[PDB]
């Protein structure tokens, strides 16, 4: 009857069980941090991974909701007075020269309010290199800004709960602790001092530079 952890998710059994149809069950609750997500009444004869699996659909649609809810803005390349979209690019930040003929392409916002700027192809290229969003940028939709900021005066190290958004096989990147450690050039043992049940008594937290470098290597947030 031990509680189960899938990255930042938690499935816990209630303190006392119950009989249902003469057999012992327990109600298990799915938690995303403090948010209660789902309740299911499960036979005690269920293994741990039987409990775990019964909730993996509700988790999957959470992810789906988050990939959409936090998807980056998208820019569109069209011919100057052309008629089709020639390319699209997701961008984690908008170009500062956007508003309402020497140039042969327009870079357009894919959503209203429509902002545009005229660009040569080399200009479009430089912009996309600079601004392109990385594959898992939507995970930043779930982390607090104190953790994401490059302002060393306001930066707060992530908690193990926040770290588990991005490392751990049940995390939203799927990338395990041991792989994460190698990215940072540390031992698996040393990196796991940051993500543990007892990590509150581990005085060494992840460094500002390691964390932002990590988020880049995992494809969550460009170091720029």
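Positions refer to the first chain, counted from 1.
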> What size is the break between residue 113 and residue 114 in terms of deposited sequence residues left without coordinates: none, 1 to 3, 4 to 9, or 10 or more?
Replying inline: none
> Do the CA atoms of 81-89 or those of 133-141 have the higher mean B-factor in the entry?
Replying inline: 81-89
>> When the Cα temperature factors in the entry are averaged, is it 207-215 or 9-17 that ends up higher?
In response: 9-17
> Looking at the C-alpha B-factor of residue 156, is it in the lowest, middle or highest third of its chain?
Replying inline: lowest
> Among the modelled residues of its chain, does the C-alpha B-factor of residue 162 lie in the lowest, middle or highest third?
Replying inline: lowest
> Once the chain's modelled residues are ordered by C-alpha B factor and cut into thirds, is residue 34 in the lowest, middle or highest one?
Replying inline: highest
> Thinking about Cα B factors across the chain, which third does residue 186 belong to?
Replying inline: lowest
> Once the chain's modelled residues are ordered by C-alpha B factor and cut into thirds, is residue 122 in the lowest, middle or highest one?
Replying inline: highest
